[PDB]
Amino acid sequence: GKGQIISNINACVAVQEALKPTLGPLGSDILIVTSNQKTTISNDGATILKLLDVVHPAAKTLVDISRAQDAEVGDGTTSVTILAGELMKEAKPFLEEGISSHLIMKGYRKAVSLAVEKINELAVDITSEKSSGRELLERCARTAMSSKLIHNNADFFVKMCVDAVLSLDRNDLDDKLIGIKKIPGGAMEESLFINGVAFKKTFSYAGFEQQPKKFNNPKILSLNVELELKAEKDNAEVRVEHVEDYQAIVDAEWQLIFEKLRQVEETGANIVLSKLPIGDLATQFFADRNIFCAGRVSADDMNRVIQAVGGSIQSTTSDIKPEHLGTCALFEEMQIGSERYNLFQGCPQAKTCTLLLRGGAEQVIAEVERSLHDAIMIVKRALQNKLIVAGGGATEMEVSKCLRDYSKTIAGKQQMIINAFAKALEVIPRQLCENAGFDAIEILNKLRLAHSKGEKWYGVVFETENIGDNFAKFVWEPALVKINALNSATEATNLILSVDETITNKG
Amino acid sequence: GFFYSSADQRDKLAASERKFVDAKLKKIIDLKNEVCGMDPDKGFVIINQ
Amino acid sequence: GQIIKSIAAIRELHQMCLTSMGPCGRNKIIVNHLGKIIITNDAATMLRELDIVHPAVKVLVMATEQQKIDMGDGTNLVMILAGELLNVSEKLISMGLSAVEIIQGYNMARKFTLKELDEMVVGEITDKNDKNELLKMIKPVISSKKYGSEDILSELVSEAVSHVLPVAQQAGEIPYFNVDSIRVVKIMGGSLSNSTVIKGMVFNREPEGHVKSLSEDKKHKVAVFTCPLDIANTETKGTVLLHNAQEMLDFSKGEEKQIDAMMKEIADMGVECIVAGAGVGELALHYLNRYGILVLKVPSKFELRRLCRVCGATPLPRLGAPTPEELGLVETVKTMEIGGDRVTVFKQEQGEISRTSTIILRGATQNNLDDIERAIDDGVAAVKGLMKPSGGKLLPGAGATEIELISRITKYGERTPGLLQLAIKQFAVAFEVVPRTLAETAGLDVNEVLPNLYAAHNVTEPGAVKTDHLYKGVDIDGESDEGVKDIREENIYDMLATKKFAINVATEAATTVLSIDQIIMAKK
């Protein structure tokens, strides 16, 4: 009956209400505690909805549509759910008046079909007009970094951000290919960019003051087995009554270990990486030959080394092939952050990079890293997609403006339905002003003044509260986000309003 | 066990054991052709359990 | 009134089916005991996952299986019609008419209804199996399940049906159009516009062998071998054991001469493709790639059954006996990239007509893509009703049949004397649920389209045959429009096998409920 539909309305608002403070770069962050006893705090709607695991079927649809938004595009997972659930509240008073839910869903598909046509009209392709090659990506990075603690140091941060994108092929770009390692302590303006890959350097074992950190072209070799004398678990049980045999079995167990240990020297690789801890036995023999070895390396960093110098992982030290080795241009071990950090530099075949960040605390750098991810997506999609639209309230207010005039020519229930859909588009600029501390009552009325003067580009300024054009604010958004957001929000809403009854079986 | 010297002998070892069954199979197919084999509206059905 | 309370329990299920039938209907969420969300329009899934105790609802569930197994369409027609017959019968139960004579009234009205169904046939299909002729049958089947894909999926489904259906007539001995003859696959990415129709089963495994595709020669011989590829051994057991390192050289060199000798005779016979149902050794890939033989592995035994109905190949339990009677024929074998992954497909061109085809579906959302697969799978069994048992005739759909039967049955009610006239008149009133169901789901006013619909079927013709309108249906539009459309415009009609079989099931479903005046149970 109608009771199940009303119950699904509050379920969509409850999920939407949690994502309202997370809308926008200045928006608040949500606290989610997983059953794994790990604290996770993020403003990205994808990770938010994936960690909740809501049992409600209609609320799960808002979670499933966010994964589809993260797949095709990946940006706007928070706004697509807010826009989808907003139609649940607008259609709530229409259900009590006797209006069928199918007539309401039918009016949305006619409004979205007309809205997509207006997106292409507002999208203007511009590349070399009034813009250069270097200044194109630099002006886009300063927009996402504004109104942040890094705004003073943003001058040095843009140079490292643009070079990170240009270091990869412009045909295929991925945010996971750019590594970021947090270094506690130090000045923020002293951070540098690294062409290779770095790791945490968890090696706790003695034997220091050897294996110098100045290399020319060291060879990289992957290690699998354990080269230390005493094993982790098993051992060798030998029962002998001779005194001389007690010393022989000590070297006998070491002879089997020295077998694969000596074969590493036959390869002639100065760099040895392994996912297992390397004891003091291997690093002592490698000290005289100036061979470096590091254990306890994460598996995620080992995959980047293969894509860097073109290496490979072999089980034993016998069949290792000579072409599996690799080398960088320069290897330097930096002590920045009261800890030594290994890094690679000058790899022409490297498909990944690493950007080091410095700050006063780990919690401060964590906000700098996440604020950079929003700027990378803008720089990445600039070269990929040449069709961009004006964001920050610009496009959102115009899509609702045109639907008001087109509804005057349409007769029937669909007139007020499109007007309700046009009113439902006002929640996006609302939460942006509320999460930024600005008054949502005054800006909503003042923005509609110049918005009716014929200019469609008037946006909302995120720095100082005022109405104006985002074209001077350098706020750019790709056209694929605005098109897929209206389709994903409507498709997810049509599935929720189409459920008359919820059946749940226990077992 | 079945021990074959050549690949063609493997099929001959299985056919040799079936030949004991095929020896009785030849008498069944010959019974239909011996009496009214080509006469129309006549047939034979194996009801063997 | 325990018989009345049994109808009230069905009334809760009756309202469930009112949101099912029709393109404007509603979809229900089915939560499985394994924690999986299931959303589909077809109501047979809901009745399958929900165990029924009370007999009145259980008979309707067993009656649903009667319609679902024999036909791929009309599952909602039986549940809605049989549920309304008990609702209109409450007026006769109240007046004091016994349920025994109520059944006798439906039995007399059933024979009068089935007789009029033969006169409702307007057109008839010539079984030409043309691309445009198959669109008329498939179009109403796609409707009431998925909206917006009706025009898109019309050309995709009709292409695969004509490939697996041979052209023949006046032969009823050999059955045609098996259920398994049509397979449907789906993949993430792309859209429905990029979907294509394959004339054979698509294999998702990658071409591990060095031979990507065969040559352009006609009728490539394919072999299906169940036995794995290895040195010839005993069929019973015959496990190779290792003892000393001296025997290792004889085991490696022994497999090189035996496999090369057996595969040399296979390539000389013209077999360019070998299907291995089991694991393939390392030495087997070395000899097959030098002779130009494409290596194909199918570990799933379910896919090998439908392959035997295409090229006519037979699986061989042994290895090394290339029997020509067990060899198949394929026109073209290539490797195409579907959804970003390169896979080796199976197809043919202008020869050896195949009884198995596969439609590749592409969609943005995996959740809605699975529902499209179920809508097409349900559309396959709807084609089965087009066979010899009265599959050529057709009746007007979109609510046109239920309205015309009202004037036909009510005319015989007052003409037939006796007490049976009370049940005959109420039997035609129960048909009013079909036009009202489409009106409530489409948002149309029940006080406008429904009463004005009877005025279209009632006209004064100076003759003995009512005519000049066969086309009056029920308006399925979601936008306000004056009047209703015609049947000829959208070519939306109901099949004879769907309508005639649903009447006999609906009458027997409501008869069992009216026949039960009490229940008898025991302690478990």
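Residues numbered from 1 in each chain as written, not as in the entry; some residues may be left out. Chains lettered and ligands numbered in written order. Part of a larger assembly, values for the part shown. Heavy atoms only, no water.

Re unusual backbone geometry
Here is step 1: Even without a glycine there, the phi angle at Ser147 of chain A is positive, about 60 degrees.
Here is step 2: Note on placement: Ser147 of chain A falls in the loop between α7 (134–144) and α8 (154–166).
Here is step 3: Among the residues examined, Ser147 of chain A registers a relative accessible area of 35% and is labelled partly exposed.
Here is step 4: Its identity as a non-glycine residue notwithstanding, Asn129 of chain C has a phi of 60 degrees, on the positive side. (Helix = DSSP H or I, 4+ residues; strand = E, 2+ residues; numbered from the N terminus. Buried < 20%, exposed > 50% of the residue type's maximum accessible area, 1.4 Å probe, protein only.)

Let's talk about helix α9 (residues 246–268) of chain C
All names here are of chain C.
Here is step 1: Helix length check: α9 (23 residues) gives 35 Å between terminal C-alpha atoms against 33 Å at 1.5 Å per residue, within 8%.
Here is step 2: Those residues of α9 lying buried are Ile259, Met262, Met263, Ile266 and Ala267.
Here is step 3: Among the structural elements, β5 (220–225), β6 (271–276) and α10 (284–290) are those in contact with the buried residues of α9.
Here is step 4: One or two steps after α9, the chain reaches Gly270, where phi turns positive at roughly 100 degrees. (Expected span 1.5 Å × (residues − 1). Contact = heavy atoms within 4.5 Å.)

So, the domain arrangement of chain A
Residue and element names in this part refer to chain A.
Here is step 1: Domain boundaries assigned for chain A yield domain 1 (127–194 + 384–388) and domain 2 (198–383).
Here is step 2: Spacing between the C-alpha centres of domain 1 and domain 2 amounts to 30 Å.
Here is step 3: Contacts between domain 1 and domain 2 engage 36 residues on the former and 36 residues on the latter.
Here is step 4: Each partner contributes to the roughly 3900 Å² buried at the junction of domain 1 and domain 2, and carbon and sulfur atoms together form 65% of this total.
Here is step 5: Linking domain 1 to domain 2 there are four salt bridges.
Here is step 6: Ionic pairing is found between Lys182 and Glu369, a salt bridge with its closest N-O pair at 3.6 Å.
Here is step 7: The tally of links between domain 1 and domain 2 comes to 17 residue pairs in polar contact. (Domains from an automatic or database assignment. Buried area = accessible area lost by both parts, 1.4 Å probe. Salt bridge = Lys/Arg side-chain N within 4 Å of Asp/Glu carboxyl O. Polar contact = N/O pair within 3.5 Å; in protein donor to acceptor, adjacent residues only side chain to side chain.)

Here we look at the environment of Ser101 of chain A
Residue and element names in this part refer to chain A.
Here is step 1: Note on placement: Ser101 falls in helix α6 (residues 101–122).
Here is step 2: On the basis of relative accessible area, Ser101 is assigned to the buried category, the value being 6%.
Here is step 3: Residues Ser101 and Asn494, 393 residues apart in the sequence, show an inter-C-alpha distance of 9.2 Å.

Re the packing of aromatic side chains
All names here are of chain A.
Here is step 1: Under the criterion given, the structure shown has 12 aromatic pairs over all chains.
Here is step 2: An angle of 45 degrees between the planes, with centres 5.5 Å apart, marks the rings of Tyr108 and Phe421 as tilted. With a gap of 313 residues between them, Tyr108 in helix α6 and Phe421 in helix α14 (residues 414–424) connect regions that are remote in the sequence.
Here is step 3: Given the relative accessible area of 0%, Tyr108 is considered buried. (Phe/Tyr/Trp six-rings, centres within 6.5 Å; stacked < 30°, edge-to-face > 60°.)

Focus: the interface of chain B and chain C
Here is step 1: Opposite the five residues of chain B that make contact, chain C presents seven residues.
Here is step 2: Surface buried jointly by chain B and chain C totals about 520 Å² across both partners, of which 39% is contributed by carbon and sulfur atoms.
Here is step 3: The three residues of chain B that bury the most area against chain C are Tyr4, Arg10 and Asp11 of chain B, which together make up 71% of that side's buried surface.
Here is step 4: Taken together, the links from chain B to chain C amount to one salt bridge.
Here is step 5: A salt bridge links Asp11 of chain B to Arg318 of chain C; the shortest N-O distance between them is 3.1 Å.
Here is step 6: Linking chain B to chain C there are five residue pairs in polar contact.
Here is step 7: The residue makeup of the side of chain B that touches chain C, split by class, is three nonpolar, no polar and two charged. (Nonpolar A, V, L, I, M, F, W, Y, C, P; charged D, E, K, R; others polar.)

Focus: the side chain of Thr78 of chain A
Residue and element names in this part refer to chain A.
Here is step 1: Counting through the fold element by element, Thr78 comes out in helix α4 (residues 77–90).
Here is step 2: Residue class for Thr78 comes out buried when judged on its relative accessible area of 8%.
Here is step 3: Polar side-chain contacts of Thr78 include one of 3.4 Å to the backbone oxygen of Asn43.
Here is step 4: If we skip the residues at most four places from it in the chain, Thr78 touches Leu19, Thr22, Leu23, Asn43, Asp44 and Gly45.

As for the pattern of salt bridges
Residue and element names in this part refer to chain C.
Here is step 1: As enumerated under the stated definition, the model contains 37 salt bridges over all chains in all.
Here is step 2: The salt bridge involving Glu235 is made with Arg318; its shortest N-O contact spans 2.6 Å. On the criterion of sequence distance, the pair formed by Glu235 in the loop between β5 and α9 and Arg318 in the loop between α11 (301–307) and β8 (328–330) is long-range, its members being 83 residues apart.
Here is step 3: For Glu235, a relative accessible area of 49% puts it in the partly exposed group.
Here is step 4: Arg318 sits in the partly exposed class, given a relative accessible area of 26%.
Here is step 5: In the salt-bridge network here, residues are joined through shared partners; they are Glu116, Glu119, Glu404 and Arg408.

Notes on the pairing of strand β1 (residues 28–31) of chain C
Here is step 1: Covered by surrounding structure in β1 of chain C are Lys28 and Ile30 of chain C together with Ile29 and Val31 of chain C, the residues of both alternating faces.
Here is step 2: Between the end of β1 of chain C and the start of strand β2 (residues 37–40) of chain C, which pair antiparallel, lie five residues, with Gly35 of chain C showing a positive phi angle near 75 degrees. (Pairing = 2+ DSSP bridges.)

Overview of the interface of chain C and chain A
Here is step 1: The interface is formed by 27 residues belonging to chain C together with 25 residues belonging to chain A.
Here is step 2: For the pair chain C and chain A, the summed buried surface comes to about 2400 Å²; carbon and sulfur atoms form 49% of the total.
Here is step 3: The three residues of chain C that bury the most area against chain A are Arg26, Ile29 and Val31 of chain C, which together make up 27% of that side's buried surface.
Here is step 4: The interface formed by chain C and chain A contains three salt bridges.
Here is step 5: Here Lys110 of chain A makes a salt bridge to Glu479 of chain C, at a shortest N to O gap of 3.1 Å.
Here is step 6: Remark: the boundary between chain C and chain A carries 10 residue pairs in polar contact.
Here is step 7: Going through the elements one at a time, β1, α2 (44–49), α12 (366–383) and α15 (433–441) of chain C are the ones with two or more residues in the side of chain C that touches chain A.
Here is step 8: It is β1 of chain C that contributes the most residues to the side of chain C that touches chain A, four residues altogether.

Concerning the sheet that holds strand β3 (residues 182–188) of chain C
Residues and elements named next belong to chain C.
Here is step 1: The strand order across the open sheet built from three strands is β3-β11-β4, with neighbouring strands paired in mixed fashion. A single partner strand is all that each edge strand has here, and the edge strands are β3 and β4 (197–198).
Here is step 2: Where β4 and strand β11 (residues 357–363) come together, two bridges link them in antiparallel fashion. Paired with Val197 across the two strands is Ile359, which belongs to β11.
Here is step 3: Each of β3, β4 and β11 touches helix α8 (residues 152–164); the most contacted strand, β11, lies at about 165 degrees to it.
Here is step 4: Along the sheet, α12 makes contact with β3 and β11, crossing β3 at roughly 170 degrees. (Axes fitted to C-alpha atoms, helices over the stretch in contact; angles between N-to-C directions.)

Examining a negative patch on the surface
Here is step 1: Taken together, the side chains of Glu206, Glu208, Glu337 and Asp341 of chain C define an acidic patch exposed on the protein surface.
Here is step 2: By the element assignment, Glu337 of chain C lies in strand β9 (residues 335–338). (Patch = residues over 30% accessible without salt bridge, like charges linked within 9 Å, V, L, I, M, F, W, Y side chains within 5 Å. Areas by Shrake-Rupley, 256 points an atom, 1.4 Å probe, with all protein chains shown as cover. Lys, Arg positive; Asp, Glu negative; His and termini not counted. Charge placed at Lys NZ, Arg CZ, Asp CG, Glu CD.)

Observations regarding the packing of helix α7 (residues 133–142) of chain C against α8 of chain C
Residue and element names in this part refer to chain C.
Here is step 1: Packing of α7 against α8 brings their axes to within 9 Å, and their N-to-C directions diverge by 125 degrees. Considered as vectors, α7 and α8 are oriented oblique to each other. For the crossing formed where α7 meets α8, the hand is right-handed. Across from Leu134, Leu135, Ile138 and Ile142 in α7, the residues of α8 making contact are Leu153, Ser154, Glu155, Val157, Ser158, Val161 and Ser162.
Here is step 2: Its residues assigned to classes, the contact of α7 with α8 comprises seven nonpolar, three polar and one charged. (Parallel < 35°, antiparallel > 145°, perpendicular 65-115°, else oblique. Left-handed = near helix turned anticlockwise from the far one by under 90°.)

Considering the arrangement of the chains
Here is step 1: Counting contacts across all two pairs of chains found in contact, the highest total belongs to chains A and C.
Here is step 2: At the C-alpha level, the nearest point of chain A lies 38 Å from chain B, with no contact between them.

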